[PDB]
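Chain lettering (A, B, C, D, E, F, G, H and I) follows the sequence in which the chains are written, and residue indices restart at 1 in each chain.
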Amino acid sequence: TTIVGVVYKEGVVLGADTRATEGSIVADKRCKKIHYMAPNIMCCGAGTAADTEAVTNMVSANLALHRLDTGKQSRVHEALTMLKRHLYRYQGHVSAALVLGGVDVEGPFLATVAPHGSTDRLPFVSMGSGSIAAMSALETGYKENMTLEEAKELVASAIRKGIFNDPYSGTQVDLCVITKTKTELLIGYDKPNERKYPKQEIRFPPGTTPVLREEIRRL
Amino acid sequence: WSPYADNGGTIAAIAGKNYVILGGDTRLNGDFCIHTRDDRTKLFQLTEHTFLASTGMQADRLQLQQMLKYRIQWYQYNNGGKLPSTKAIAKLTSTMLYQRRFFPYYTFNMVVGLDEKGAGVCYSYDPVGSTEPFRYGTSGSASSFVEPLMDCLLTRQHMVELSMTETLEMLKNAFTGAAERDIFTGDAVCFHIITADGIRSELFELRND
Amino acid sequence: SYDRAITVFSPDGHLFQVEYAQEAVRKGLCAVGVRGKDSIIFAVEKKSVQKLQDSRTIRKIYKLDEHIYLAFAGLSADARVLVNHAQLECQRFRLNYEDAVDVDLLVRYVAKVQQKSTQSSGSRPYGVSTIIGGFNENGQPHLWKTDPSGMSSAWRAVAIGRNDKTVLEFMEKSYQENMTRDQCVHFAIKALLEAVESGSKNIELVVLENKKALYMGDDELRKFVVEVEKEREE
Amino acid sequence: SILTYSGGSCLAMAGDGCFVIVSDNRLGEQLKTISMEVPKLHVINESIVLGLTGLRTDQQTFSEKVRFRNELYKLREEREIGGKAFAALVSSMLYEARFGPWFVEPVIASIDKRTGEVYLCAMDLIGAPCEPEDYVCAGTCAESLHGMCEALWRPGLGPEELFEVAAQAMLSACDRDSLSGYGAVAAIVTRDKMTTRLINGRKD
Amino acid sequence: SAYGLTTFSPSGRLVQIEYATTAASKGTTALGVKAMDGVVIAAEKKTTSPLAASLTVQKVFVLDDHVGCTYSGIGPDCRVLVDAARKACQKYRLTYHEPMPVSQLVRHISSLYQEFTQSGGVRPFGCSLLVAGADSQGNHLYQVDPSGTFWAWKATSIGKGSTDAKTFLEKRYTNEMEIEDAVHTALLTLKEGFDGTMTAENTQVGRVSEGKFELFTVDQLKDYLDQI
Amino acid sequence: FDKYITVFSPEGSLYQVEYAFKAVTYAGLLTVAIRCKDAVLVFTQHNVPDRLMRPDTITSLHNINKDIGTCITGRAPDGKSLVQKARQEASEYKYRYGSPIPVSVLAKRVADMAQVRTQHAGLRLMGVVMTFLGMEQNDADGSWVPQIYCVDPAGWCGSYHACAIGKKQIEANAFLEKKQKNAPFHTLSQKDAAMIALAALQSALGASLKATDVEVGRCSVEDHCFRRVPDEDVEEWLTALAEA
Amino acid sequence: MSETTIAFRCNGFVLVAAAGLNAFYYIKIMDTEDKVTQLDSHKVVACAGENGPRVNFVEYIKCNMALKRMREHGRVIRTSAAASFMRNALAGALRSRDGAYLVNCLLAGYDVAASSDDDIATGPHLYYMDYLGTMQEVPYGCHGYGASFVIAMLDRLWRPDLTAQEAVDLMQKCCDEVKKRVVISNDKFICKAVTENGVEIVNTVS
Amino acid sequence: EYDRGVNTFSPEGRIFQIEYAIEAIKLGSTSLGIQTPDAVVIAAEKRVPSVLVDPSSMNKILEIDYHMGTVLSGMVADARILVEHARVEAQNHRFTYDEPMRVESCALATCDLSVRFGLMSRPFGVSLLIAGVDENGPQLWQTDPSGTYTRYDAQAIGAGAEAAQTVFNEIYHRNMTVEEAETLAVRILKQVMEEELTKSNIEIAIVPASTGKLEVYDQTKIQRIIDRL
Amino acid sequence: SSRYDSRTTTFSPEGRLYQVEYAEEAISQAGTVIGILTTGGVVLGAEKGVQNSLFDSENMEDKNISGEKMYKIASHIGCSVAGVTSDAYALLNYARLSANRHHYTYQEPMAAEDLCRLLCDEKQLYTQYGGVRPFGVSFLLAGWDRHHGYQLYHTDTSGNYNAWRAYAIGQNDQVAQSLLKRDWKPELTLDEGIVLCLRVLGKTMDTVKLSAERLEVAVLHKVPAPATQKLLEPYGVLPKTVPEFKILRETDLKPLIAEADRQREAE
């Protein structure tokens, strides 16, 4: 996995690659690693998928009650804090690692949360197995008060470093853009690995496999 | 860090028709050192006819001595002011040691006293409380040589009644030999002679090295 | 959690909750037990014959184990609870001791369940009396009665519930040592019809022998009620 | 390993308003074969098939929990559960047991009765879903199933061509696996019918 | 204190449940109307003085994105149920990754009401709810009472002006109302029983439509009030 | 039998709630809060009947945290119990969410604490009205707005432009209603709102006030903290009112 | 696997057999322990494994079934329910504090119509179980070190239509093969048969 | 009855629940014990409620342990609970210290449990005479619902109590024989019973200092005492 | 506070549990419910309240799980209730959960008498322990099991239960038992049993024509067994027939409200 985030003049860009693996085999080429937290807060996840899914869901549910209760917009700091309390309690047994990004009344906010429960708010971050490669694009290319376009080009380039150099990351770039007013997912923003040799179609004429026994059931 | 220390030394007792004699050395050993040459915790009086005598870890013998001392106070309050006999305390003690089956007292103990007929007895225990009543007993660092010697002189099984005095001399001789050869046993011995009249005590010097 | 003290003494050594539990037993349908040589007979009155009631009626005589039955009088729902505890107890005992529980033992278990309900904060007493009968493994019958206070006691024959005292008086005269199986049934039916109106289908009846039990049918029970309705005209 | 103690493999593929799910028939204790007539498929309702592999005591116990919860769902809700809720539910139960897991790996295959859209899920043993559009598989010959399906599967297929793809896959993969085999059972599901087929295979 | 406060009286009545019901009937009027494509619920929110801030008084509540409610009777008791309801919806999401159907949510509210009629040391909730939502089976309007009994309705009203409100809805309700003419009817029914002039600041309105529940802002609701 | 516990009367009324409301006037004190353009002010009676009491120890105003203040009206020690639970609530909220509790949400939690004693039996109700004061941020532009919330023994929570609570509240609330008609409170200066509040007290109590007789707290856009207003700044308001 | 058990189902019966041996390390304590425990009038279970888990386990089954029969007027429970009950308890113990019962079981029953209303298919059923809670209906099955030898003979010789006499011969040969090839001595077998008329010991099989 | 609680004190410092429980014991059968120097003797009225009861089963004399026995009066089912705690304590003693429980300790132990109410809803409506031999010779102790226990040279409890304590302040001297107590026992049972007195209708037990064992008298041996009268 | 305790679980001076008795009165006030045992199944019929134009349906995806008065408990057991509605829902959850636990454990359907006992034990528990009111419900259970065939049960507030061939709870239950008593017979078809139920409701509601909108009927019967999936379960065995609980709609009550009005005019 390679997840990345940056802050730009009016908001946050999150990025991710799309390969999920079991062992050394690709189980799913087009898996979605950018998760909803709230209308104005998203999360990208690395670490153990089950743990990353359970904690994000849980905190997204608890943020939703809190908005019904208060009648106010969720603050990114509130998410960060519910996340860290939960991971702290479990002493890294719940091994979620997260990039969290959002925008609230205090402006853009971007932070990492490690599995032992430590947080770091920073203007650019990476996590996951391709974090190193990615992070080398970010330090050569980040600057202050980037425009939306520059931010998107930097995040995509950072993910592509993961895709081509880390074996546990692959396939394409997904971005998410978060601004005061909207959140915009962009699945397959960059598809640097399309097909070349169009697949040979291999056909089995029906009745190729010997059946001993058949039953039918009308629905 | 272990919860266990062996502070060393030796106890020994001998019974006869109306007395028992009980001895324990006064060294308290540390690791390659000596804390003191004058510890008297090995022997502890429970009633006027009953003693507890212990070796092993000293902090454990101090706990066991207190737990016994309060079970015995409770018996008295629940029993019209009477004290339990030696046979009862010995059964009480076994019961209590067993109960720490799972984290045991590091102690080799003896309950020593007069029986109900006026005669001596000694109960030697293992750390979890199996015992029997016997005419003599010993435990601790030097016990694997004091014990065949007492087997020899008192039972005489490979050959063809003692006074208090002859018995006190045999024990004095047995501790003297223990101190010569067992490096963890030494300094003095405290001896208590138990009769119906009461309790006589006598210190007795041993090698200091 | 509710912890109120329900069963308490009042100004002359009366426990009213226990008394009123025993009132509830007096209103309940009549039950009878009769100990023969080698058979125990439990006989109970059923509510009333209806066209609608189910021919296969529910049983009001319960099995506690292969060799021990119970009949009761009083609150039928309380009794079902009591019978549950007793079935558990017998099986618990097999598991702890391999052998099958003795009747006399099972009776003290039940009676102590009743006694505790007279002293346990939070709870009222059961409103039930029981008649419990069974054999040893040496083949000798026993019949016990238990009451709401928790007091148990053994009998040669016994009645509980409504018209307890009347049936019991009839039975004090007429009882006989070493009655046969058929005599015991006869005598039990007779005893019942001192309280009850008719004897068509308002009687169920168990014959508990050593190594057998029978919930008598309606053919064999009609036969005996007519042998006994013929004797009551003399 | 414990997930391979009992043997077995399962595979599910999607087509166009249809799926197929297949399992092998072997039950074992490591290399000793106990039965050759234990298919691993469970029909939840007209729309949902469940495959379970992993340790057989936990397959047996976890499918009974699924059945129990489904029955209560149907009485409370007065309807059949949809493929996606059933999978979210399954996931929740696996993760309830996160520090002491059920050693099962489920393969769920479903079809929305209205829209005719096919939902596939596979789960790890603590319930992380993997929901692609082509196929899913699990059990002792999952490595060898991957490449069979990558090379035979194609978008669009209808019930009869999807069935051959999915039977050739399972057979060729079970034949390089010592702990799965003895032929297979396949369910083929459309909005309108559910066909089952017992496929012949090798007797080793 | 762990003894029950709600008990049977000789004729089989449970009077604490009838007094609670009495209190739910003395509350300010609220009503609901189910159209062919949405639902609308509405309520009076009059303040006692103009020193109170009108905008903060809530009578209609969002429970989740697809469902809302309103009440009559004892406000503070209503908050307990709103909180429980809101939690049960999120709980259902975590488990099944879809919105809790309105029928299920209403059986959860019911069983909470029913708890407080048998449990030791508690009185019953003194409020009735209208619940309005949309799920895979369509659009729903339910009423729940202090007893824990619920009914589905096409149109109804609870609170002090409710026999008249219900009479008036019998006449004007049709099975082929559109959602905009259901809002109209809702407002028109409130207007009849209402003491004083009815404004966008002393009335509150919610609306299910396109599978989504939403309160009207004051400004949206001023639009619909100048038309009637 | 309904007069002694949390059960409904036959008219659906709760008697212990109504009597808890009487506890509020029984205490003999009047409080006025008022929200102006940039601030929120609270003006309570400081009665020191006894010549020997240390007057800086008698107070109705308390901080719940840096940014939220309360004024207790009614049975005083029931007040302080709620101040302690409010403080505990505020502190738990901050540890759980990592930001200080908003005053609107605080007030709702204290209301829920009251409601629960109206519905369970065996715990007396607190015979107070808690008025909470503080600044709340809007989500849109991030501006800070003054609030006033009151919670009462029934568990009711509402927001106000101004409100009198306590003995003679009826007479004082009417005086504020009259003076609302001239200009909305949210358009007033601190000084102008103060003259209204102070004269509400003087009207109702039937007296003339010195600065020692009132204690006053204040949250403002300039300084969000809840803070007592020093006696000099209140003499300048009372002087302004004796004149005009 | 020091104790071999064997079972197979034929058209109108199940034969079950288990080795008598009880051992303390290498010492034979006795060779006549009956391990084929009758659970009810038409059920038996052959358990393999230590005395203690084995006894505690089958006593717990017996008592819970006995309790189900009085809370139900003596109605006989189906074989497939007894197996389902056994399985839930093996599985439960496996995730419990005290841990698994280390017993391996073969449950054999013959199901017989309760009443006239009863539509039940009437006949013999065999279930294999393991100490983990695996459970599977089977036409024959075994446990212990002798299991593999016997399973293959039965794959070779077992048919469904064996007569009672042929099935005793086959059971006898399976016991001889265990004696001939397993180093642990399983010298004496007790063998019982489950039929429509109930459980009965088979004396000619030793 | 529920107007005042289980704990309430009277204006003269009695606890109501305990007064009423003592009244309960008065409506009991009669039972008694007599201490000689050689032995200690206990006896009771049985009082069956008909001739269909097997009389064995209605014992008011129970062995606590080989050297001590009880006779109860008041609510029999409540006594079963006390007599069980006492059997268990007597055996815990022997377990822990390998000797017989003293009789006084046993009475002390049975009284602790009497007053555990506020937990149990009410006192026990029961009094016990415990009788046995330890080292202090034959002893007879009596416990009551207050949890007081007390040693007696001879006592009775029950309906015939107050009448048996005027056959005591006459005929009872400290210095009697086995025989004279076994006869004085039956003299008092005849007096305060309602029935005619028979060998089936009463129970007698002794613990003699000679052997230190409780013995329960046959009906053969109770004939011999009615005879001597 | 102990002086304001009502003492719900305390006997009164005659061996009578007043709260058990008053809760039974509450059931007598409730809508009529009738059960009839026939040879081909059990029939449950219930009167409903008066039909307001403004009522609506829940519009549930499956129609044979719950009407206004009939509930499925499991596929071989259904019921009808009289008394406090919310009390009924708490107990019906209890019963659904117990029936499904039994399937979980024995993988076989719970016997209807066993189910009934668990239900009644739950009720008895609030009569002895716990300082709170009892459940104010009475049930009629219709059941099929292989031990006993079709079975109809009634459960009363005491935690008592009894079997019947026909029964009636609620409002006019004496008038109703009078009629069933006369006209029940041990040879009924399920279609006649339905008719007889409708007549008995027609004579207790007090109308000449049977309003089909004031009636609910449910039947516990057997139907031919569905698919045998011998490939997914080679040791599965299903019987020819299985029980079903069915909540008859208006389109099935048309030829049966017609045959109850030709038996109403010819009388």
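Simple rule for what comes next: a contact is a pair of C-beta atoms (placed from the backbone, for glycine too) under 8 Å apart; a residue touches a chain by one contact, two chains touch by 3 or more.
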By Cα centroid distance, the chain farthest from chain I is B
Count the C-beta contact pairs for A-E and for D-I, then tell me which is higher.
D-I
Centre to centre, by mean C-alpha position, how many angstrom separate chain E and chain G?
63
Cα centre of chain E to Cα centre of chain I, whole Å, reads 32
Inter-chain centre distance, chain G versus chain I - centres from mean C-alpha coordinates, in Å:
43
Intercentroid distance (Cα basis), chain H paired with chain E, Å
71
Junction residues of chain G - those touching two or more other chains
71, 73, 88
Identify all positions of chain I at which a residue touches two or more other chains, and write them in rising order.
1-2, 4-5, 7, 60-61, 104, 107, 117, 130-132, 148, 229, 231
Per-residue overlap in chain A, given as positions that touch at least 2 other chains:
69, 213, 215, 217
In the complex, the residues of chain E that touch chain A are 62-64, 83, 86-87, 90-91, 93-94
In the complex of these two chains, what residues of chain I are touching chain C?
2, 5, 7, 9-16, 37, 117, 120-121, 123-124, 127-132, 148, 151-152, 158-167, 177, 180-181, 184
Contacting residues of chain H [partner chain C, same complex]:
1-2, 5-6, 16-17, 20-27, 50-54, 56-58, 75-78, 80-81, 118-123, 125
Contact footprint of chain D on chain I as seen in their complex:
60-62, 65-66, 72, 74, 96-97, 100-101, 103-104, 107, 229, 231-232, 234
Interfacial residue positions of chain F with respect to chain E in the complex
5-13, 104, 108, 111-112, 114-115, 118-122, 154-156, 158-163, 173, 176-177, 180
